[PDB]
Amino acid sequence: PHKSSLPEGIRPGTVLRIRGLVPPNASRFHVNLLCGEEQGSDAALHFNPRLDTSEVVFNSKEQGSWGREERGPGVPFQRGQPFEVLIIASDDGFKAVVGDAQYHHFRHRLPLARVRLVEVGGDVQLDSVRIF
C-alpha cells in the first residue's frame, strides 16, 4: 500500500500523475483520495480498475459506507501492459484521464478541502506517483 501524505491538503489545479503497469494476473487495483491517516478514513474518491470483472468503478466512502457507484466506458487497461493515469482536481469534481483520452468526470461528494492522503493499492506495479 503506497501512501503519499498531504497533511496540508490539495486545491483545484492539483494533478496526480500515476505511472505503472498492470501485472499479468491482476484482479483489480485502486487509487484512493482519503481524508485522513487513520484506518477507515473517508474516501473523497475511489478509482478502481477491475481486470477480473472488466470494468472501472468510481465511488466515495463516508463513515464506513460506500456510496453509489459510477462506471466509466469500458476498460482502458490490460494485464501485462503499462499505463498512465491523471487524476485532476477542479472546483466541481475529479477528472480521470487514461492514456491519450479523458475517461470520466466524478463530481465532488465530499469537500475537496478534506483530502489529506493519496493511497494506491491492489494488483498494480507502481513506477511513479507525482503530484503537480
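Take the two forms, find the largest set of C-alpha atoms that superpose within 1.5 Å, and that set is the rigid core. Numbers for residues come from their place in the sequence shown, where the first is 1.
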Out of 73 to 81 and 44 to 52, which shows the greater rigid core-aligned C-alpha deviation in 6 other deposited structures of this protein? 73 to 81
Higher C-alpha RMS shift from the shown form in 6 other deposited structures of this protein - 8 to 16 or 120 to 128, rigid core fit: 8 to 16
Given 45 to 53 and 67 to 75, the range whose Cα B-factors average higher in the PDB entry: 67 to 75
Of 104 to 112 and 20 to 28, the stretch with the higher mean C-alpha B-factor in the deposited entry is 104 to 112
Consider only the C-alpha atoms of the modelled residues in this chain, order them by B-factor as the entry records it, and name the third containing residue 118: lowest, middle or highest. lowest
Third of the chain, ranked by Cα B-factor, where residue 128 sits: highest
